*Asks:* 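There's a structure below that I have some questions on.
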Amino acid sequence: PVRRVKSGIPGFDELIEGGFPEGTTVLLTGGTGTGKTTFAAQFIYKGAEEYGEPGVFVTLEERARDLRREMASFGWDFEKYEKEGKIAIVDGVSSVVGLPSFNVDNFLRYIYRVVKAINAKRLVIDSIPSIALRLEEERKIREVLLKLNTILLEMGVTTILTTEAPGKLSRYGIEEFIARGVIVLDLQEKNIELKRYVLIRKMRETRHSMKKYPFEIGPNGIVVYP
Amino acid sequence: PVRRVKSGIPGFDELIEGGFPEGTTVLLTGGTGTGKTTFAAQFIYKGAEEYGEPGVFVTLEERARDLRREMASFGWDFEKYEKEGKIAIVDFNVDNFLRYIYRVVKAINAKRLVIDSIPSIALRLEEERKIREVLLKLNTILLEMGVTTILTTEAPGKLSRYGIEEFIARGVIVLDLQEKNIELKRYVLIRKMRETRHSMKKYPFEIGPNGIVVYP
Amino acid sequence: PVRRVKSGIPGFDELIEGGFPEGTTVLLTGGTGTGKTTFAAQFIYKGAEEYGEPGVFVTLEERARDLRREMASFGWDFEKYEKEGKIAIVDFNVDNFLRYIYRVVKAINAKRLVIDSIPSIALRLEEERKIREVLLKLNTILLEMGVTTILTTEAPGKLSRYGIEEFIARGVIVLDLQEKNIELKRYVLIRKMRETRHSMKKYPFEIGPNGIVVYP
Amino acid sequence: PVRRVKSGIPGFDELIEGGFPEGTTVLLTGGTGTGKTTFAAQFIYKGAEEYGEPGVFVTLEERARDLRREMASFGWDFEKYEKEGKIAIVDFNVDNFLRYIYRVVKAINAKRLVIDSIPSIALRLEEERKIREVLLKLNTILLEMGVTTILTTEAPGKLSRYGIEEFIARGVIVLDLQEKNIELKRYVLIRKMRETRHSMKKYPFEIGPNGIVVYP
Amino acid sequence: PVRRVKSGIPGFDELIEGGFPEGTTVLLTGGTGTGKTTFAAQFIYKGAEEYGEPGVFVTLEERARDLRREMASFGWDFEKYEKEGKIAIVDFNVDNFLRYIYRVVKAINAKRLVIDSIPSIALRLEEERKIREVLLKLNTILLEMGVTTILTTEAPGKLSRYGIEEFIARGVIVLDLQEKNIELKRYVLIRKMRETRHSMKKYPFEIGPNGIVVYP
Amino acid sequence: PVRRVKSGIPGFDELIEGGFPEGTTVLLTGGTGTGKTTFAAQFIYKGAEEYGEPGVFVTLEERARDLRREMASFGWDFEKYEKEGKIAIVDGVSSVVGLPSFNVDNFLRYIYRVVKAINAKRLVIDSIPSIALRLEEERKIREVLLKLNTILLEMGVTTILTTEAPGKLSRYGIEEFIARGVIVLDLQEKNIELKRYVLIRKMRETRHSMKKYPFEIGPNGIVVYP
Ligand SMILES: Nc1ncnc2c1ncn2[C@@H]1O[C@H](COP(=O)(O)OP(=O)(O)O)[C@@H](O)[C@H]1O
Ligand SMILES: Nc1ncnc2c1ncn2[C@@H]1O[C@H](COP(=O)(O)OP(=O)(O)O)[C@@H](O)[C@H]1O
Ligand SMILES: Nc1ncnc2c1ncn2[C@@H]1O[C@H](COP(=O)(O)OP(=O)(O)O)[C@@H](O)[C@H]1O
Ligand SMILES: Nc1ncnc2c1ncn2[C@@H]1O[C@H](COP(=O)(O)OP(=O)(O)O)[C@@H](O)[C@H]1O
Ligand SMILES: Nc1ncnc2c1ncn2[C@@H]1O[C@H](COP(=O)(O)OP(=O)(O)O)[C@@H](O)[C@H]1O
Ligand SMILES: Nc1ncnc2c1ncn2[C@@H]1O[C@H](COP(=O)(O)OP(=O)(O)O)[C@@H](O)[C@H]1O
Ligand SMILES: [Mg+2]
Ligand SMILES: [Mg+2]
Ligand SMILES: [Mg+2]
Ligand SMILES: [Mg+2]
Ligand SMILES: [Mg+2]
Ligand SMILES: [Mg+2]
């Protein structure tokens, strides 16, 4: 009887039999501006606020203060849950408060330390391209992804990793090999208007819907519709 | 008079005159989430449970505890058959990897073998394109062992990820997801199948509570 | 309340809840001749004339006299506002480039910045693909300056020339030329804008005697 | 009068004015599972049985026992004709490979030759792209032997895998699988044949219990 | 108040408000045989004959005697105007090539310049991709000289052969051949044109006994 | 008043105002088996037989004896004109008879010598890919093409060069830069049948037809139709 992590996104859990199987790494993929960051933030924020599960949002796309400001526009008070120790933001430039002190191995050690310090049940790495673009050699993302996979398996948290391609499921062709779930966010062209769609392409241990579902990014975040 | 190895997948054997010809290496290809790991698990697991044939499931995609756990969602108790010595799950050194599968296959007298997946091997090499040399080395031991094997590979067009996998298989099975009208629907096709007048049609299938079923 | 920077482009602000969130880096992308330089130049120029906001226009695609003469054809007198200290035109050493932009921005207390263009920077490097490392250095100084910036890039498919520009922007505007049936017509689309419920539709626009006008 | 070598494929000779001009090197190309090995094997086998003409089948895609067992499923008894000296099966050092083919061909006075396949040679090289230099060395020995040869290559677009194979052939046969509407159906087309006014149309064919049959 | 340089091509000036803005570098792009060399010749040759403006035609595509000979097929006597010192034809050392065009342009007080073609330069480099560095060097002297220049490039989609040429031009003219129904018909389009509200329509043209004519 | 070289191909000269301008290099391009070799051979053979102009056929695609045998199937007796000195075939393995003794510079010297020895007015190089595939480095075809161009200009003969692509006009993207004429041979798909078409894409000094023309390879070679 699989334990399920509620996504935090109204309309979504019903597509995946109540939520993500505990312990799954989910690849959230889509083009620029399809809602990846938002959807990942909602997962962590709602995890903490509605379901009381601590979460770590790792970002190399922006700084922590950018994410707090941006998510405030949905009414989400990240800093409130940070002071309560239910959320940490790892950007790192700024060390998480209370957890002081591109280098891949330090990075991964530090995410592991922070997951363990708050007893995180939820984790986001936004994004894989943000990591890759910071390496000496962008194609070593291959070796970095295999190191990440090893620490995800050890930590056993429920994780969203984001990646970005416009055919291709992912940017590098590798990201999907370390994920047991895949969610696509898209903007379809019809006919002078782009509407947002989500599709669950893959989800382990789950008889998930295989249909495209409309969605909106509203004043209170993502809502998925019939 | 070719001896046939039953797939374990309802609706599938009838497409290939009763089964896989014994000793064949079969390439199982399809995009992410098209049912490859499930198909290969079903072939090993029903081999043991229903046909009493020992089998080896080699996974570099995940670990044995993940595979056991995921497969119980379909009613399949992999550990029961591991302790009876009817299934082994094998969880980068290429030559040792190969030696070890060889030894486990002999050790349990396997008749079925799965390697899930070729990309998973290749992504662990120092240079990913050395999968070419690795595949030729793997072809050589498959030929020695003479078991019935499913290798999995994954491409989005192109039949395989590297354009090489198909040169060491004598059968190819494609799993797919099609567009219709705002739903994704699953299909299987036998592209090639030595010694067999197999169907060339596309068939719908479902992945349900008892795993894969192929329809008319 | 998010504080917004008015574009200077008639018909455009209502597409983005009144203007660009202050401090945003916006990528403006489009093929040759889709109107990127004019859009950028209008943002800086109307910022100075219409709203009093000082602005820096960095160009490696042309010299400062070229841009002055060219924008005069729209009735825009750049030199007037340069003399009043409300516009600076900045006309290969990457670190010195970046330091200089930061200086000029500070010196006039700039609220607006344009860099025209990312490709024009890349093409002057020892190795073109080092734009990746250059774009990362730009990002850190944009985040430090906290001004409102337009960066242009050019491709006609792909969003950007290099596949990297979009990762340092929190807004994306696409300018396009569509064929219908004998004639190319200009369209703008807002692909991304942080903190903004923007329109997602394609709008027609034209470049006329007073620069860009976006239509319903 | 051009002397022609009868294919052994029912329905095919009439497409090429009765057969292959003697001494021609013919490239047979097609995707995985389009029937290239069967076509080649039928050319050698029916050459021996039907016309008395001795033939060499070189394969790096499988072992000799594999091809014997596989072709038995068509009622073809390769070993009978091997024992009578009318068929040789030749089952990485390029020069030694080539020398050996030339020897076996001379030893049985072969009129027919197959090499299955060009990719299977390329994939065994130290560097795959050295097939260019290998194909040039093959060409010179085919021209010396003056037998009638089929070379296979595989791509599904491009005519050949490497873009080079076609330059050492004076005939080209394409085997294909076309979708209609639920089913893959097999077609053959003669793209090129020297000294021959061949048909230029696509013909259906099937692989049945007696091998290939081409239809109107 | 922008000064305009008449094209010399009937039907074309009216598409660009009377002519090219003085000092502009114009990229003229199109596939093989779309009329580029003819268009550029016509611009230099009518410049001299009809408008009394000196011009330089730089060709690395062919030699001066070929160009004179080909152009007389259109009634154009290039040598007459070479001896009056109103046209020069310039027939690998990059820096010397550049120095030399500079000197010939000064030497005859040229107002018009053609370089036919960018690919022709690039194909003569030690490394063809150094055309990037060469183009930036050429941009620097075009900016110094301030003449009105047509550069030609050739791509089959992509606007240019290298994706770089368009970053040193402030106008782009596309010449094309379209499919209709079993004939190829010629068209011209102005993609971009600084300082000009130019037509965005596609226009048919003919290359006749008097060279290029543009139609409605 | 341009001097014109009659192509030798019935139905063709009318497309190019009576023939090729004397001295032109023409790129003959098309996919495998579209008639390139045949069309080039007809030009040389008919040049010699019908119009009395000596011709050199250079081939690295096949040997001279292969070409004589192959062209005999059209009724063309190459060896007859070879003994009369009106045609030479350069393959080279075999030196042209009477002109004794991969190396690029030797190659080009030898074609120049043979053109000059028979006072050739016609030249064929079948094919550019055949040269390129024999080089140490296939991409040096670029440098080889510029050397070829220099000797073509010096010799002033009327030349066909053949190249082979299936979008792309040529195999390498370079061949068209040394040619002042381009002819495409194609096979169009309609509807289970491939029919042959020729199109003149470019021809210097000529108001050539711009239409696709059907053609056949018949028992007496190419014939082009209305
Ligand atoms: N508060 C808001 N209200 C409504 N929509 C918003 C709001 N903030 C941002 N958006 C929308 O969400 C988008 C940002 O999505 P984002 O999650 O950053 O995409 P990605 O990470 O895929 O590039 C904006 O481009 C905008 O369309
Ligand atoms: N227990 C379940 N019940 C129904 N469907 C399931 C169940 N578990 C997994 N699936 C389906 O099977 C898919 C997993 O298939 P999988 O064999 O891993 O594909 P692949 O290896 O090609 O990526 C999931 O995406 C889901 O759709
Ligand atoms: N003064 C003008 N009046 C009307 N249209 C103009 C004027 N100047 C330029 N244009 C039009 O605007 C275009 C300029 O586009 P530009 O901003 O330079 O595009 P980009 O930077 O994307 O290449 C010209 O191609 C022309 O079509
Ligand atoms: N005994 C048989 N009877 C009928 N069909 C067969 C038989 N054996 C093989 N086939 C069919 O012929 C195919 C063999 O094709 P093959 O010659 O090996 O193709 P290729 O070399 O191009 O990959 C099999 O995929 C199958 O469809
Ligand atoms: N004197 C002529 N009369 C009519 N058309 C001609 C004449 N000379 C050349 N042409 C046409 O012009 C074409 C040459 O155009 P050109 O300017 O060289 O194109 P490009 O440089 O783009 O390859 C020839 O292909 C032919 O169609
Ligand atoms: N004597 C013949 N009679 C009729 N057609 C022939 C004859 N000889 C060859 N052909 C046709 O001509 C073709 C050969 O064309 P070829 O000039 O070698 O093409 P390419 O050099 O473009 O590959 C053959 O493929 C065949 O269709
Ligand atoms: Mg994001
Ligand atoms: Mg799998
Ligand atoms: Mg611009
Ligand atoms: Mg085969
Ligand atoms: Mg030209
Ligand atoms: Mg040929």
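All chains are named by letter (A, B, ...) in the order of the sequence lines, taking the proteins before the strands, and each is independently numbered beginning at 1. Excluded from the calculations below are hydrogen atoms, water molecules and symmetry mates; all remaining heavy atoms, backbone and side chain alike, are included.
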*Asks:* Based on non-hydrogen pairs under 4.5 Å, which of D/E133, D/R197, D/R191, D/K192 is most in contact with chain F?
*Replies:*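 Most heavy-atom pairs within the cutoff with chain F belong to D/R191.
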*Asks:* Can you tell me which of D/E166, D/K158, D/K201 forms the most heavy-atom pairs within a distance under 4.5 Å of chain F?
*Replies:*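 Most heavy-atom pairs under 4.5 Å with chain F: D/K201.
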*Asks:* Contact part of D/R132 toward chain F, heavy-atom cut-off under 4.5 Å: side chain, backbone, both or neither?
*Replies:*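 Side chain of D/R132 only, per the 4.5 Å heavy-atom cut-off to chain F.
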*Asks:* Within residues 60-68 of chain F, which residues come under 4.5 Å of chain D, heavy atom to heavy atom?
*Replies:*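 So far as heavy atoms go, F/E61, F/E62, F/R63, F/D66 are the residues that approach chain D to under 4.5 Å.
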*Asks:* Can you find a heavy atom in the side chain of F/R69 that is under 4.5 Å from one in the side chain of D/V2?
*Replies:*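 A side-chain contact exists here, since the closest heavy-atom pair is under 4.5 Å.
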*Asks:* Just verifying a value: how many Å separate F/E189 CD and D/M200 CE, rounded to the nearest 0.5 Å?
*Replies:*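 So the gap between those two atoms works out to 11.5 Å.
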*Asks:* Under 3.5 Å, side-chain donor or acceptor atoms of residues 212-223 of chain F against the rest of the protein: list the pairs with distances, not counting sequence neighbours.
*Replies:*
| unit_1 | atom_1 | unit_2 | atom_2 | d |
| --- | --- | --- | --- | --- |
| F/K212 | NZ | F/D186 | OD2 | 3.4 |
| F/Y213 | OH | F/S209 | OG | 2.3 |
| F/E216 | OE1 | F/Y225 | OH | 3.2 |

*Asks:* Counting only heavy atoms not in D/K106 (residues, nucleotides, ligands), do more than 12 fall under 6.0 Å from its NZ?
*Replies:*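 Correct, the count exceeds 12.
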*Asks:* Nearest 0.5 Å please: distance from the CD1 atom of D/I168 over to the OG atom of F/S130.
*Replies:*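 It is 14.0 Å, given to the nearest 0.5 Å.
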*Asks:* Quick check: under 4.5 Å, non-hydrogen atoms only, which of residues 91-107 of chain F neighbour chain D?
*Replies:*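 Hits under 4.5 Å: none found.
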*Asks:* Say you draw a straight line from CZ of D/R170 to CD of F/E70; how long is it, rounded to the nearest 0.5 Å?
*Replies:*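 Rounded to the nearest 0.5 Å, the CZ-CD separation comes to 5.0 Å.
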*Asks:* Should the heavy atoms of other residues, nucleotides or ligands under 6.0 Å from CZ of F/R113 be counted, would the total exceed 12?
*Replies:*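 Enclosed: over 12 neighbouring heavy atoms sit under 6.0 Å from CZ of F/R113.
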*Asks:* Are more than 12 heavy atoms, taken from residues, nucleotides or ligands other than F/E136, located less than 6.0 Å from that residue's CD atom?
*Replies:*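 No, because the 6.0 Å sphere around CD of F/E136 holds 12 heavy atoms or fewer from other groups.
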*Asks:* Between F/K195, F/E193, F/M71, which has the largest tally of heavy atom pairs under 4.5 Å with chain D?
*Replies:*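 The candidate making the most pairs under 4.5 Å is F/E193.
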*Asks:* State, with a plain yes or no, whether a side-chain heavy atom of F/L194 is found less than 4.5 Å away from one of D/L189.
*Replies:*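 With C-beta onward as the side chain, the pair touches.
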*Asks:* Do any pairs count as a ring pair (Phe, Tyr, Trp, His ring centres under 6.0 Å) and have a residue in residues 136-158 of chain D, sequence neighbours left out, and if so which ones?
*Replies:*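 For residues 136-158 of chain D: none.
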*Asks:* Nearest 0.5 Å, please: how far is OG1 in F/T32 from CZ in D/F167?
*Replies:*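 The OG1 atom of F/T32 is 6.0 Å from CZ of D/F167, to the nearest 0.5 Å.
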*Asks:* Let me know if F/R134 has heavy atoms under 4.5 Å from chain D in its side chain, its backbone, both or neither.
*Replies:*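 Both parts, backbone and side chain.
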*Asks:* If you draw a 6.0 Å radius around NZ in D/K46, do more than 12 non-hydrogen atoms from other residues or ligands fall strictly inside?
*Replies:*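 For D/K46, atom NZ is crowded (more than 12 foreign heavy atoms under 6.0 Å).
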